[PDB]
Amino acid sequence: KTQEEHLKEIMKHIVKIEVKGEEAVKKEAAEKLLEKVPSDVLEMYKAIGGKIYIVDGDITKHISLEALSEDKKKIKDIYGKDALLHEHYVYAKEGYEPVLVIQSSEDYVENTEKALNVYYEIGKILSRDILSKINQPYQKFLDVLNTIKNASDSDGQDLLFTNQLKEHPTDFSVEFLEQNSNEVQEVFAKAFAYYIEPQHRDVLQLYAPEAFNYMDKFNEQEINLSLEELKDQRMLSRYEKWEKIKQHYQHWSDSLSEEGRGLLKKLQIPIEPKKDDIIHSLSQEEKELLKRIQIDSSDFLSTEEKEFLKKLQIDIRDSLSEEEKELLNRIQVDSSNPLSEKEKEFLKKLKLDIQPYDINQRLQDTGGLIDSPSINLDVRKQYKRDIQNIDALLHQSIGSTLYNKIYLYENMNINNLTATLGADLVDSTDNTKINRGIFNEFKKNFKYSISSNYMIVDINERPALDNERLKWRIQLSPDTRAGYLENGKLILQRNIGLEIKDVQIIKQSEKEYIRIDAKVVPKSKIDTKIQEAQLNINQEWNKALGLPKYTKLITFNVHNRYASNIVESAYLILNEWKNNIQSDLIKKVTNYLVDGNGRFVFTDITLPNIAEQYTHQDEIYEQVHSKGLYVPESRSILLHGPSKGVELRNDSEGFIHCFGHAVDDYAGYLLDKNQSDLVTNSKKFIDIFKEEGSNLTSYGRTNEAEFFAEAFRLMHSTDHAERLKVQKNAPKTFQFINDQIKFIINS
């Protein structure tokens, strides 16, 4: 009866009968007709100012449809056969003041033909009058249309298509759907009708199963999100929602201190480095070294950082002028492009000091592991104080008596999730369309997400920045804690859990975006999934490599918004790895690793924050962050997913490159089993690098190990051509490596 109530409330509100004889049997008859339509499509019609009129005799003879034009007075039935309006039993008047007219009859229980037509007209209202206001149907329903057209049995077409669509060769492109607006809306109406009229439902499932499934899933679940999105379009609706939430947090807001307000503020605007401070905290000796070191010569500083640094030299220019040029004039050419040890150390210490104070970034980088010793102790503690405090400020949950389900919105840049994919998300030709191919890949294994920092969301959806093609629709839990912001936003507590309920391409303001429907759940529920996954992937590969049953080789250090993908991609990476390297080369090397308690860490927090690396660092500034990294001391391969390595097709290439470094380790172990050195450091190799140390990837031209690793990787790619490349361009190395693989396999 939870449903029953909702009906009459709305029905007697939008539905008005006007008959002759006893209006008890006639009303209860027409009511039996509407009760079969999804409760929500009735409320969406109310929203756009629609009303339903049940009358006797000719329908054209009614107040509303009175001002109707003579021309259109010729509508076709569900089967597309003309029939004049003053002779029909239904009609849905379009326009910005929607009206629905139906003749009185109870035989609808028998005459399924009329009922099917009434629902047809209604479906027409849903697609043409309602959903169009929120750019629907779109790609999803479009896919159904194509599944239906190219399918084997062509009956599904004869059932829902018109000869207009029946003749179109190629699939229906997004553009098609745009210029053929009414056509698509038509199919929707017909599918809706057949699915709603109890008697024709089977015919739909028989000839057009995909269409049945779509309307089935739409009418049961997804219909409510449509209502929600339609409401989001309405002024009074948006401000009524914002006000209840504001009211709910009024006490909390009214008690916020100035200190509190200040904390929330810097959470929104990071503090940038003060050029002044920088210099001062240098050193009488150091300042000397910075006056002319070239920041452009570094390979560990982002241009972003470089630009800033060089602007510090320029600000030291004071006394004894002559110096200025003797330095500018004595360092540029005869000194050259190359490098310098002692001073690069200086730049690595400065990198740390010139990072902006960004609380959210810190949580994201560390996955919430705020004690990570990846930055100087002084700032680490400052971050910990502000964080602990923010956790205490956002204590009140969203649950209220003023409302039930509540959706909050977040616009996001895809690079923040997967840079490697964000490179081709947008269509290169037309920047307003989404590359369907990347879409499917991105969507692939995206089942759950994690928030380790403080998410900032909008109460009502708002337009995104140019580089934000991701639009999240999140259903909060009444348990979720948050803070209210005057500008119509909420700051959510850290360590939230998110299940991905749906992912689809949607149009808005002439551009396409990726709508992500998510539901907030306990972070423990997601973590448990990750942990069961780790257990699974280890049993599986322990068996494939012949390792003791309970060894801990593979580890998931997952804490961010693309969580599920890090886990699932790990399986795929390890596969390209075995199917591209000598099964016996793997075993000896990983066995060696396991002996040293090594690990294969797949993570989404920055590498400087993985213990497998930081616990073996002499100095903090010596840390390294990148796509992949091999650590000899811990004997582990670290792979950071979110990133995009310097032109390396995928994560696999990256993982393999690191395994290369591992080989250079074991092989180097076999030579001087009495010492700890790399076979890549051997003289016999130093020379080869002096000759072929340029015949490969620009990167390989960095140094010994790097060269060996890149060569190794190529020699194992999936594109066999790349294997030959080293063959015909780095012969010396090719052999050296293949000798190395034997010198391990056999020993």
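So that there is no doubt, residue numbering starts at 1 and follows the sequence shown.
Comparing the deposited coordinates for 307-315 and 446-454, the stretch with the larger average C-alpha B-factor is 307-315.
Comparing 616-624 with 596-604, the stretch with the higher mean C-alpha B-factor in the PDB entry is 616-624. You'll see in the entry that, of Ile278, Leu574, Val184, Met215, the Cα B factor peaks at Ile278. Taking the deposited Cα B-factors for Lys74, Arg234, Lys133, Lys587, the highest one is held by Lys74.
Sort the chain's modelled residues by C-alpha temperature factor and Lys124 lands in the middle third, per the entry. In this PDB entry, the Cα temperature factor of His200 sits in the middle third of its chain's modelled residues.
Annotation for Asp517: CA B-factor lies in the lowest third of the chain's modelled residues.
The deposited CA B-factor of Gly546 belongs to the middle third of values across its chain. In the PDB entry, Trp252 places in the lowest third of its chain by CA B-factor.
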